[PDB]
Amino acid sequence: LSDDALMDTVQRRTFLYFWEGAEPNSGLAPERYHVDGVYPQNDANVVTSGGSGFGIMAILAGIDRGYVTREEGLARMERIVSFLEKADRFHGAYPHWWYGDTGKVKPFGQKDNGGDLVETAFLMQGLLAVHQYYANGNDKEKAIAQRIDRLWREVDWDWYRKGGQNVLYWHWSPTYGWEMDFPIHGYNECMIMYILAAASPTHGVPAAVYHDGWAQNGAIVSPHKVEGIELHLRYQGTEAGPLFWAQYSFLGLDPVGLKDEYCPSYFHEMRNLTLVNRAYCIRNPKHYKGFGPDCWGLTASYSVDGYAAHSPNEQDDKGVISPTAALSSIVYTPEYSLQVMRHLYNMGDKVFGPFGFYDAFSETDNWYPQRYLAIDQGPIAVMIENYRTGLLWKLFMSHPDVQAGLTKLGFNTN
């Protein structure tokens, strides 16, 4: 089985999470999919906005490869856009969750019952990619693009500055206001939210919002070594974050040759964060079964005792490998990621299920859940596509508002 053949199989099955596993009314990605049919939160119909952005990009890659016909793919995009035009919005921003059948918000926590700007950014990164795919298509495709541009123009990023501060807040509630009180400072998984906030052709934010808020005037630059590997940035509350922090903002945003005032190369920073993750698993100081060069990758996912923000350190390491971590880093470490992909595939049905690799597993605890999460499946399909053809990067980087946003914030590609 060639690397191309293996990638084709992993891509086709991961695509089926979003094609066949979608909530029927919305056509969107449910937060989770349990092969066992047992849902502790009884939320099979609860759709995630962020994961749906990844899912929409996963469906786009499928259409381009011919997994579904041009007509079938357009019928799905139309269904998704119709749901988004109707579902609950908070100053144009989308909540973390909705009930897929009604489009009503599902609070992600008591006071988190409104807009979630980070999740809105992950959805918009996907929608701008579909916009660029259909912008020069037939008349029906161009009409779909026009509807997407209206949703994009309706997101009021500037509102989330909480009365003109030079920072973006994560949440806003119509009942609890600003009570979640989370201003977003880098570095974490949320960079694309500041790039899209600056890109908005209607409610765009000043550059000061990125320089004073995200970068905190250079405080985001903090060179340090982790596992003998040099990292350039300050990671929020950690020496090296979970591997998804190197992936979510780079599904559409092309890291190759990307640089700005705070990082001479986002590609090399994220490659090093991947290498730190792999180095920790190879070291395996907690002596977990299976951890090594063929099996590595620590990120946030289901865990033996529930859900956990796994990261490459002894406090967050629980003996749980999440296939999304190593596999969505294929664009940074092609050989090491294909090594884990080849090894995970050879473990059989216990980890490679109907909609691709299952969320997480522990060889030590003999814990092999037959469960998926949209946010872990999404990056696998998109990063394999970007590695193979650069499709999602080409589409997203071609958007004129995105290009103006990158220039505004001082980003460069060379």
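Counting begins at 1, following the sequence as shown.
*Quick one: higher average CA temperature factor, 63-71 or 27-35?*
Per the PDB record, 63-71.
*Compare the mean C-alpha B-factor of 295-303 with that of 171-179 as given in the PDB entry, and name the stretch with the higher value.*
That would be 171-179.
_Among 126, 334, 255, 186 - the residue whose C-alpha B-factor is largest in the record_ = Highest CA B-factor of the listed options: 334.
*Using the temperature factors in the entry, find which of 108, 194, 152, 160 has the highest value at its Cα atom.*
Result of the comparison over 108, 194, 152, 160: 108.
*Can you work out whether the C-alpha temperature factor of residue 374 puts it in the lowest, middle or highest third of the chain?*
Its C-alpha B-factor, which the entry lists for residue 374, ranks in the lowest third among residues of this chain.
*Could you look up the Cα B-factor of residue 164 in the entry and say which third of the chain it sits in: lowest, middle or highest?*
Lowest third, going by the recorded CA B-factors of the chain.
_residue 368 - Cα temperature factor, lowest/middle/highest third of chain_ = It falls in the middle third of the chain.
*Going by the recorded CA B-factors, say which third of the chain residue 54 sits in, lowest, middle or highest.*
Answer is middle: the recorded C-alpha B-factor places it there.
*asked:* Splitting the chain's C-alpha B-factors into thirds, which one does residue 137 fall into?
replied: Its C-alpha B-factor belongs to the highest third of this chain's values.
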